[PDB]
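Text of the file coords-v6.cif, holding mmCIF, C-alpha atoms and all ligand atoms:
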data_query
#
loop_
_atom_site.label_atom_id
_atom_site.label_comp_id
_atom_site.auth_asym_id
_atom_site.auth_seq_id
_atom_site.Cartn_x
_atom_site.Cartn_y
_atom_site.Cartn_z
CA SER A 1 -118.29 -8.43 191.50
CA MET A 2 -115.69 -9.66 188.89
CA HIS A 3 -115.29 -6.67 186.47
CA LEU A 4 -114.46 -4.38 189.50
CA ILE A 5 -111.41 -6.13 191.26
CA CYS A 6 -109.03 -7.29 188.48
CA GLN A 7 -107.30 -4.38 186.48
CA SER A 8 -103.56 -4.06 185.30
CA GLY A 9 -101.37 -2.69 188.12
CA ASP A 10 -103.66 -3.98 191.01
CA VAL A 11 -101.56 -5.73 193.73
CA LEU A 12 -103.25 -8.80 195.39
CA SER A 13 -102.38 -10.40 198.83
CA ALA A 14 -99.65 -7.67 199.11
CA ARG A 15 -97.44 -9.44 196.52
CA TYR A 16 -99.14 -10.29 193.13
CA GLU A 17 -99.13 -7.38 190.57
CA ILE A 18 -101.53 -7.94 187.64
CA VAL A 19 -99.83 -7.39 184.22
CA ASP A 20 -102.25 -9.25 181.75
CA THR A 21 -105.52 -11.31 181.30
CA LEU A 22 -104.98 -14.99 180.34
CA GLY A 23 -108.68 -16.18 180.21
CA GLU A 24 -112.33 -15.51 181.20
CA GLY A 25 -115.38 -17.78 181.63
CA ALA A 26 -118.61 -18.07 183.68
CA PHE A 27 -116.19 -19.34 186.42
CA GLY A 28 -114.37 -15.92 186.62
CA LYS A 29 -110.99 -14.78 185.18
CA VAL A 30 -107.34 -15.93 185.11
CA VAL A 31 -104.74 -13.07 185.28
CA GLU A 32 -100.91 -13.07 184.82
CA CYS A 33 -99.05 -11.52 187.83
CA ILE A 34 -95.48 -10.61 188.96
CA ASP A 35 -94.82 -12.23 192.42
CA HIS A 36 -92.81 -9.51 194.29
CA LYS A 37 -92.07 -11.98 197.21
CA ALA A 38 -90.59 -14.75 194.95
CA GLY A 39 -87.91 -12.69 193.07
CA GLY A 40 -90.42 -11.42 190.39
CA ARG A 41 -91.51 -14.89 189.17
CA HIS A 42 -94.60 -14.66 186.85
CA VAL A 43 -97.66 -16.75 188.03
CA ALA A 44 -101.31 -17.28 186.96
CA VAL A 45 -104.06 -16.27 189.47
CA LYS A 46 -107.66 -17.55 189.01
CA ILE A 47 -110.17 -15.06 190.51
CA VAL A 48 -113.44 -17.04 191.12
CA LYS A 49 -116.94 -15.54 190.58
CA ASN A 50 -118.60 -15.01 194.02
CA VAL A 51 -121.48 -17.44 193.18
CA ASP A 52 -122.33 -20.52 195.41
CA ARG A 53 -121.62 -23.17 192.66
CA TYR A 54 -118.16 -21.74 191.68
CA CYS A 55 -117.20 -21.03 195.38
CA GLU A 56 -118.01 -24.72 196.21
CA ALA A 57 -116.02 -25.88 193.02
CA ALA A 58 -112.94 -23.71 193.98
CA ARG A 59 -112.91 -25.09 197.60
CA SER A 60 -113.09 -28.68 196.13
CA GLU A 61 -110.31 -27.85 193.57
CA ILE A 62 -107.97 -26.51 196.40
CA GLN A 63 -108.48 -29.84 198.37
CA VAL A 64 -107.81 -32.00 195.16
CA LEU A 65 -104.64 -29.96 194.18
CA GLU A 66 -103.23 -30.18 197.77
CA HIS A 67 -103.57 -34.00 197.53
CA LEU A 68 -102.32 -34.38 193.89
CA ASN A 69 -99.37 -31.89 194.26
CA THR A 70 -98.22 -33.63 197.54
CA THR A 71 -98.59 -37.12 195.95
CA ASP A 72 -96.63 -36.01 192.80
CA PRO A 73 -94.24 -33.23 193.94
CA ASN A 74 -92.09 -33.52 190.70
CA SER A 75 -95.25 -33.17 188.46
CA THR A 76 -94.23 -36.45 186.73
CA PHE A 77 -97.99 -36.96 185.82
CA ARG A 78 -98.46 -33.36 184.45
CA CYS A 79 -101.28 -31.98 186.61
CA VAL A 80 -101.17 -28.13 187.01
CA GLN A 81 -99.22 -27.06 190.18
CA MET A 82 -101.04 -24.88 192.77
CA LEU A 83 -98.63 -22.50 194.73
CA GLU A 84 -101.25 -21.17 197.26
CA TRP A 85 -104.73 -19.55 197.62
CA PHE A 86 -106.12 -16.42 199.38
CA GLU A 87 -109.27 -14.14 199.43
CA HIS A 88 -109.51 -10.68 197.66
CA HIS A 89 -112.63 -8.45 198.34
CA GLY A 90 -114.18 -11.83 199.46
CA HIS A 91 -113.30 -13.65 196.16
CA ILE A 92 -111.39 -16.99 196.33
CA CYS A 93 -108.08 -16.58 194.40
CA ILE A 94 -105.91 -19.61 193.42
CA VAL A 95 -102.21 -19.10 192.42
CA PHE A 96 -100.65 -21.57 189.86
CA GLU A 97 -97.36 -22.01 187.95
CA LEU A 98 -97.60 -19.95 184.67
CA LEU A 99 -98.25 -22.14 181.55
CA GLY A 100 -99.19 -21.28 177.89
CA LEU A 101 -102.43 -21.21 175.75
CA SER A 102 -105.14 -23.89 176.28
CA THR A 103 -105.39 -26.39 173.36
CA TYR A 104 -108.79 -24.70 172.57
CA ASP A 105 -107.26 -21.14 172.38
CA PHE A 106 -104.36 -22.45 170.17
CA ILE A 107 -106.91 -24.01 167.69
CA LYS A 108 -108.98 -20.72 167.75
CA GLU A 109 -105.89 -18.51 167.04
CA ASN A 110 -104.90 -20.94 164.23
CA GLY A 111 -108.26 -20.27 162.40
CA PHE A 112 -109.76 -23.62 163.75
CA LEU A 113 -107.18 -25.73 161.75
CA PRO A 114 -106.41 -29.20 163.26
CA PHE A 115 -103.10 -30.42 164.78
CA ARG A 116 -100.71 -32.55 162.64
CA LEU A 117 -100.78 -36.30 163.58
CA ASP A 118 -97.30 -36.40 165.26
CA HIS A 119 -98.38 -33.66 167.78
CA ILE A 120 -101.72 -35.47 168.36
CA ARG A 121 -99.79 -38.69 169.35
CA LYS A 122 -97.57 -36.88 171.96
CA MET A 123 -100.56 -34.87 173.27
CA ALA A 124 -102.81 -38.01 173.49
CA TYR A 125 -100.05 -39.99 175.36
CA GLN A 126 -99.51 -37.19 177.99
CA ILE A 127 -103.33 -36.70 178.54
CA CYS A 128 -103.87 -40.54 179.10
CA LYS A 129 -100.80 -40.65 181.51
CA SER A 130 -102.02 -37.63 183.57
CA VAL A 131 -105.70 -38.75 183.79
CA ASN A 132 -104.59 -42.38 184.51
CA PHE A 133 -102.72 -40.93 187.60
CA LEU A 134 -106.04 -39.35 188.77
CA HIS A 135 -107.82 -42.71 188.22
CA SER A 136 -105.02 -44.47 190.39
CA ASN A 137 -105.98 -41.99 193.17
CA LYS A 138 -109.71 -43.00 193.15
CA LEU A 139 -110.67 -39.73 191.32
CA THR A 140 -112.67 -39.00 188.13
CA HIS A 141 -112.14 -35.56 186.46
CA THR A 142 -115.68 -35.44 184.83
CA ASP A 143 -115.07 -32.20 182.72
CA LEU A 144 -112.15 -32.94 180.35
CA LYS A 145 -112.18 -30.66 177.23
CA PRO A 146 -109.70 -28.74 175.03
CA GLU A 147 -110.10 -25.56 177.22
CA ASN A 148 -108.81 -27.65 180.29
CA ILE A 149 -105.67 -29.10 178.52
CA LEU A 150 -102.93 -26.41 178.74
CA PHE A 151 -99.68 -26.18 176.66
CA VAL A 152 -96.54 -25.69 178.88
CA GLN A 153 -95.21 -23.15 176.31
CA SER A 154 -97.21 -22.16 173.13
CA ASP A 155 -94.34 -20.64 171.01
CA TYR A 156 -94.98 -21.45 167.25
CA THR A 157 -93.54 -21.07 163.73
CA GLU A 158 -95.87 -19.99 160.87
CA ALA A 159 -95.85 -20.79 157.09
CA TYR A 160 -98.26 -20.78 154.09
CA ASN A 161 -99.66 -24.28 153.41
CA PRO A 162 -100.43 -24.31 149.63
CA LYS A 163 -102.19 -27.72 150.14
CA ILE A 164 -105.19 -26.09 151.98
CA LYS A 165 -104.31 -22.44 150.92
CA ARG A 166 -104.15 -21.45 154.66
CA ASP A 167 -101.38 -19.81 156.82
CA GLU A 168 -100.68 -22.41 159.57
CA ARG A 169 -99.07 -22.17 163.05
CA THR A 170 -97.04 -25.24 164.35
CA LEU A 171 -95.94 -25.62 168.00
CA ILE A 172 -92.19 -25.79 168.81
CA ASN A 173 -93.04 -27.97 171.89
CA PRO A 174 -96.50 -29.63 172.19
CA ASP A 175 -96.02 -30.70 175.92
CA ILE A 176 -99.32 -30.31 178.00
CA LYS A 177 -100.67 -30.27 181.62
CA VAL A 178 -104.25 -31.07 182.79
CA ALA A 179 -106.19 -28.33 184.74
CA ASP A 180 -109.68 -27.44 186.17
CA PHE A 181 -110.19 -29.94 189.14
CA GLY A 182 -113.31 -28.08 190.41
CA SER A 183 -115.73 -31.02 189.41
CA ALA A 184 -113.32 -33.93 190.23
CA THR A 185 -115.07 -36.56 192.42
CA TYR A 186 -113.64 -39.38 194.66
CA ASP A 187 -115.06 -42.95 194.35
CA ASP A 188 -116.71 -42.83 197.82
CA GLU A 189 -118.31 -39.33 197.60
CA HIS A 190 -121.71 -38.23 196.15
CA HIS A 191 -121.90 -38.44 192.30
CA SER A 192 -123.93 -35.56 190.61
CA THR A 193 -126.37 -36.72 187.86
CA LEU A 194 -125.14 -33.99 185.45
CA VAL A 195 -121.34 -33.99 184.71
CA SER A 196 -119.17 -32.99 181.64
CA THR A 197 -119.63 -30.20 179.00
CA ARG A 198 -122.26 -31.21 176.35
CA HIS A 199 -119.94 -32.28 173.43
CA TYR A 200 -117.71 -34.47 175.76
CA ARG A 201 -120.55 -36.20 177.79
CA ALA A 202 -120.68 -40.09 177.91
CA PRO A 203 -123.86 -42.14 177.15
CA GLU A 204 -124.02 -43.65 180.72
CA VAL A 205 -124.13 -39.98 181.98
CA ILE A 206 -126.95 -38.95 179.52
CA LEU A 207 -128.95 -42.16 180.43
CA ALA A 208 -128.22 -41.74 184.24
CA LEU A 209 -126.97 -45.36 184.50
CA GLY A 210 -124.23 -44.37 187.07
CA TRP A 211 -120.71 -43.16 186.06
CA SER A 212 -117.09 -43.49 187.25
CA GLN A 213 -113.55 -43.33 185.64
CA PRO A 214 -114.76 -44.55 182.15
CA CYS A 215 -116.75 -41.27 181.48
CA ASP A 216 -113.24 -39.58 181.42
CA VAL A 217 -112.18 -42.09 178.65
CA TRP A 218 -115.24 -41.08 176.49
CA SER A 219 -114.39 -37.33 176.94
CA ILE A 220 -110.73 -38.02 175.83
CA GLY A 221 -112.00 -39.87 172.67
CA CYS A 222 -114.10 -36.76 171.73
CA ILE A 223 -111.05 -34.47 172.43
CA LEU A 224 -108.81 -36.53 170.04
CA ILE A 225 -111.47 -36.21 167.19
CA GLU A 226 -111.56 -32.36 167.68
CA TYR A 227 -107.69 -32.25 167.63
CA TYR A 228 -107.74 -34.29 164.34
CA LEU A 229 -110.58 -32.36 162.51
CA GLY A 230 -110.61 -28.88 164.17
CA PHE A 231 -114.39 -29.34 164.90
CA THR A 232 -116.70 -31.59 167.10
CA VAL A 233 -118.62 -34.49 165.43
CA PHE A 234 -121.43 -33.69 167.98
CA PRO A 235 -122.45 -30.05 167.10
CA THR A 236 -125.60 -29.89 169.31
CA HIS A 237 -127.08 -28.38 172.53
CA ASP A 238 -129.81 -31.09 173.09
CA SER A 239 -129.57 -34.49 174.95
CA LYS A 240 -131.84 -36.45 172.51
CA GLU A 241 -130.21 -34.90 169.39
CA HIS A 242 -126.81 -35.94 170.88
CA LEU A 243 -128.04 -39.59 171.22
CA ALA A 244 -129.29 -39.49 167.55
CA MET A 245 -125.80 -38.23 166.38
CA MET A 246 -124.18 -41.10 168.43
CA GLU A 247 -126.40 -43.68 166.57
CA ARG A 248 -125.48 -42.18 163.12
CA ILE A 249 -121.68 -42.04 163.91
CA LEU A 250 -121.17 -45.15 166.11
CA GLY A 251 -124.20 -47.48 165.54
CA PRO A 252 -127.32 -48.37 167.60
CA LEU A 253 -127.29 -48.07 171.44
CA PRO A 254 -127.00 -51.43 173.24
CA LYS A 255 -130.43 -52.93 174.10
CA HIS A 256 -129.43 -53.40 177.85
CA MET A 257 -128.75 -49.57 178.21
CA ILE A 258 -132.14 -48.59 176.64
CA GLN A 259 -134.12 -51.05 178.88
CA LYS A 260 -132.31 -50.16 182.20
CA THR A 261 -132.56 -46.30 181.77
CA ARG A 262 -135.02 -44.22 183.85
CA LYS A 263 -134.60 -41.56 181.05
CA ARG A 264 -137.78 -42.79 179.25
CA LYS A 265 -138.32 -39.24 177.78
CA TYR A 266 -135.75 -40.06 174.97
CA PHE A 267 -137.48 -43.35 173.94
CA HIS A 268 -140.62 -44.65 172.14
CA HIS A 269 -140.82 -48.35 173.19
CA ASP A 270 -137.24 -49.78 172.69
CA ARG A 271 -135.90 -47.09 170.24
CA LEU A 272 -134.99 -43.35 170.22
CA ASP A 273 -138.14 -41.10 169.93
CA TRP A 274 -136.67 -39.53 166.72
CA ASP A 275 -138.34 -38.03 163.59
CA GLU A 276 -135.70 -38.33 160.77
CA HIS A 277 -137.81 -35.80 158.72
CA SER A 278 -138.05 -32.98 161.42
CA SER A 279 -135.70 -29.91 161.45
CA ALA A 280 -133.33 -31.65 163.96
CA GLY A 281 -133.67 -34.95 161.98
CA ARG A 282 -132.58 -33.31 158.65
CA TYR A 283 -129.63 -31.56 160.40
CA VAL A 284 -128.34 -34.79 162.05
CA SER A 285 -128.40 -36.83 158.83
CA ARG A 286 -126.67 -33.93 156.87
CA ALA A 287 -124.00 -33.30 159.58
CA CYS A 288 -123.24 -36.90 160.81
CA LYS A 289 -121.90 -40.10 159.16
CA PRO A 290 -119.95 -43.27 160.15
CA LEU A 291 -116.85 -42.42 162.26
CA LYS A 292 -114.18 -43.85 159.86
CA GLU A 293 -115.59 -41.68 156.96
CA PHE A 294 -114.06 -38.62 158.79
CA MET A 295 -110.51 -40.05 158.19
CA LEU A 296 -108.31 -37.67 156.07
CA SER A 297 -105.88 -40.51 155.04
CA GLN A 298 -105.78 -44.39 154.93
CA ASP A 299 -102.07 -44.40 156.02
CA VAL A 300 -101.62 -46.97 158.86
CA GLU A 301 -100.85 -44.27 161.53
CA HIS A 302 -104.34 -42.76 160.73
CA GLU A 303 -105.82 -46.31 161.11
CA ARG A 304 -104.01 -46.72 164.49
CA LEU A 305 -105.48 -43.37 165.84
CA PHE A 306 -109.04 -44.33 164.66
CA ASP A 307 -108.77 -47.85 166.26
CA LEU A 308 -107.95 -46.14 169.66
CA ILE A 309 -110.77 -43.50 169.21
CA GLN A 310 -113.31 -46.33 168.39
CA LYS A 311 -112.24 -48.27 171.58
CA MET A 312 -112.55 -45.05 173.72
CA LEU A 313 -116.14 -44.53 172.30
CA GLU A 314 -117.34 -48.11 173.25
CA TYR A 315 -120.97 -47.55 174.51
CA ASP A 316 -120.72 -50.09 177.43
CA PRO A 317 -118.60 -48.35 180.12
CA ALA A 318 -117.25 -51.68 181.63
CA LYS A 319 -116.16 -53.01 178.15
CA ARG A 320 -114.60 -49.55 177.31
CA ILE A 321 -110.76 -49.50 177.20
CA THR A 322 -109.07 -48.18 180.46
CA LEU A 323 -106.34 -45.47 180.22
CA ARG A 324 -103.85 -48.13 181.54
CA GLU A 325 -104.80 -50.26 178.44
CA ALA A 326 -104.76 -47.13 176.15
CA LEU A 327 -101.07 -46.29 177.02
CA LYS A 328 -100.16 -49.77 175.54
CA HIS A 329 -102.16 -49.21 172.25
CA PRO A 330 -100.15 -49.49 168.96
CA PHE A 331 -100.76 -45.73 168.10
CA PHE A 332 -98.09 -44.95 170.83
CA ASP A 333 -95.46 -47.51 169.53
CA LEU A 334 -93.75 -44.64 167.52
CA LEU A 335 -93.13 -42.78 170.89
CA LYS A 336 -91.41 -45.90 172.35
CA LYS A 337 -88.99 -46.59 169.40
CA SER A 338 -85.39 -46.47 170.77
CA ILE A 339 -83.92 -42.95 171.37
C1 LIG A 401 -106.92 -19.97 181.47
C2 LIG A 401 -106.53 -21.41 181.77
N1 LIG A 401 -106.07 -21.67 183.16
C3 LIG A 401 -106.89 -22.23 184.10
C4 LIG A 401 -108.24 -22.38 183.96
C5 LIG A 401 -109.06 -22.94 184.98
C6 LIG A 401 -110.53 -23.05 184.70
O1 LIG A 401 -108.63 -23.31 186.10
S1 LIG A 401 -105.99 -22.64 185.54
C7 LIG A 401 -104.50 -22.04 184.82
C8 LIG A 401 -103.21 -22.10 185.33
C9 LIG A 401 -102.15 -21.58 184.60
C10 LIG A 401 -102.39 -20.98 183.37
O2 LIG A 401 -101.29 -20.39 182.80
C11 LIG A 401 -101.45 -19.75 181.54
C12 LIG A 401 -103.67 -20.97 182.82
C13 LIG A 401 -104.74 -21.52 183.55
#
Can you present the structure in this file as structure tokens?
Amino acid sequence: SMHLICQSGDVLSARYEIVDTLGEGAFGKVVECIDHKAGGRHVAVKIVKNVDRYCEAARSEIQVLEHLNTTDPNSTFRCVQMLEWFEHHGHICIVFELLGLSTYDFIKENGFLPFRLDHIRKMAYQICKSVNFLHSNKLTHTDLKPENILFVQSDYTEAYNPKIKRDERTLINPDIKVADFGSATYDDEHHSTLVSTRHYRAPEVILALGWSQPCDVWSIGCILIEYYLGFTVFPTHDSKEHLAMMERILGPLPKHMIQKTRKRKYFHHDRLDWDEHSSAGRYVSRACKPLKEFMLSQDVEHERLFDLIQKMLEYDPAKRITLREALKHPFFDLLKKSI
């Protein structure tokens, strides 16, 4: 399938000439192309793996992007713009505007160093604005992560930082768009039990208590921590271990969530079925600690970021801050000071 249809100099749909690879995943591959029928404009083309699950996701993504791009033709709310779609050797191919590196790939190529706070503020504001627009449209993204947040243009300057003894890349312009609408779900359509990538998954999702727009707010909180530290505070590939890290970082789960959950496999009576002295138990207590102990400074702007993160990681999904409320949080006041 994929390896065999996607090399430099291939022309797709009689107009798109491949010149470079932008990204690969289990989903397929994104290539950079010259569009010979739009005056040589460069575009991105996603070539989707010919596998039921990713075929079904691509067809759902095309329907979501047609709606979102028509509703917001000026891209005021910063969703990726889809130009068209076609089929190539029976693979679904989606054409987009050409953007820059994903926030994940930038962090990777910067030796997993974090962003400076001023970029995190601008990036956080734009992400909340974009995903609030989806929420206004009775949609939930469900899979927000640093790989799905794209820079518009990833040009950088580089200098030695003697503070950390590391060469460091800084963006010229940190402006972002949101991508990857393949899992996005309307209020009135069927809700899968399993949504989100492990490290960004909300507690109501893990405990199968029903989910909606607030599971996107949890994901965004986890994204801001990774932007701030350069690593996840949930380094795990196990549902119960994840819950144990949550309790160490954020405090005990609310009693009403433990007693409603059908996920009895995680629990012994009314508490997590957890051995603090096992291999996983030792790891969790070495690797995890109270959230505010991860702060790198006590400056007020650091306190303002950590107050927003704490609100976004409220366990109860009704109590949890909405993105409409988040855009008014004091961390963003610096962005709104007169021009
Ligand atoms: C590789 C990221 N990527 C996408 C990924 C998915 C899963 O859809 S969609 C997309 C559009 C433009 C782009 O330009 C560089 C990149 C781009």
(request) Step by step, measure atom-to-atom distances between ligand LIG 401 (chain A) and each residue using all atoms listed in the file, keep those at most 6 Å, then write them as a VMD selection string. (result) chain A and resid 22 to 23 30 44 96 to 100 179 to 180
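When all atoms listed in the file are used to compute distances to residue 267 (chain A), the closest of the residues A:290, A:243, A:215, A:32 turns out to be A:243.
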(request) Please identify all polymer residues within 12 Å of residue 42 (chain A), counting all atoms listed in the file, omitting same-chain residues fewer than 4 positions from it, and present them as a PyMOL selection string. (result) chain A and resi 15-20+31-38+83+95-99
What are the nearest atom pairs, with distances in Å to one decimal, for all residues of region 115-210 of chain A that come at most 10 Å from region 223-239 of chain A, using only C-alpha atoms, set out by chain and rising residue number as CSV?
residue,atom,partner,partner_atom,distance
A:115,CA,A:227,CA,5.7
A:116,CA,A:228,CA,7.4
A:117,CA,A:228,CA,7.3
A:119,CA,A:227,CA,9.4
A:120,CA,A:227,CA,6.8
A:121,CA,A:224,CA,9.3
A:123,CA,A:224,CA,9.0
A:124,CA,A:224,CA,7.1
A:144,CA,A:223,CA,8.1
A:145,CA,A:223,CA,6.2
A:146,CA,A:223,CA,6.4
A:149,CA,A:223,CA,9.7
A:198,CA,A:237,CA,6.8
A:199,CA,A:234,CA,5.8
A:200,CA,A:223,CA,7.4
A:201,CA,A:239,CA,9.6
A:203,CA,A:239,CA,9.8
A:206,CA,A:239,CA,6.9
A:207,CA,A:239,CA,9.4
(message) Report, in Å with one decimal, the straight-line distance from CA of residue 88 (chain A) to CA of residue 24 (chain A).
(response) 17.4 Å
(request) Using only C-alpha atoms, determine which residues lie at most 7 Å from residue 27 (chain A), disregarding the query and same-chain residues fewer than 2 positions distant; provide the list as number ranges by chain. (result) A: 25, 48-49, 54
Next, the residues of the selection above should be written as a short mmCIF file (atom, residue, chain, number, x, y, z; two decimals), keeping the file's coordinate frame with C-alpha atoms.
data_model
loop_
_atom_site.label_atom_id
_atom_site.label_comp_id
_atom_site.auth_asym_id
_atom_site.auth_seq_id
_atom_site.Cartn_x
_atom_site.Cartn_y
_atom_site.Cartn_z
CA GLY A 25 -115.38 -17.78 181.63
CA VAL A 48 -113.44 -17.04 191.12
CA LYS A 49 -116.94 -15.54 190.58
CA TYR A 54 -118.16 -21.74 191.68
#
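Between residue 113 (chain A) and the candidates A:91, A:304, A:129, A:165, the tightest atom-to-atom separation, counting all atoms listed in the file, involves A:165.
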(request) Would you work out the distance separating CA of residue 82 (chain A) from CA of residue 26 (chain A), expressed in Å to one decimal? (result) 20.9 Å
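With distances taken over all atoms listed in the file, A:181 is the one residue among A:181, A:315, A:306, A:332 lying closest to residue 56 (chain A).
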(request) Write out as a list in words the residues lying within 10 Å of residue 320 (chain A), counting only C-alpha atoms and excluding same-chain residues fewer than 2 positions away. (result) residues 214, 215, 217, 218, 310, 311, 312, 313, 314, 315, 316, 317, 318, 322, 323 and 325 of chain A
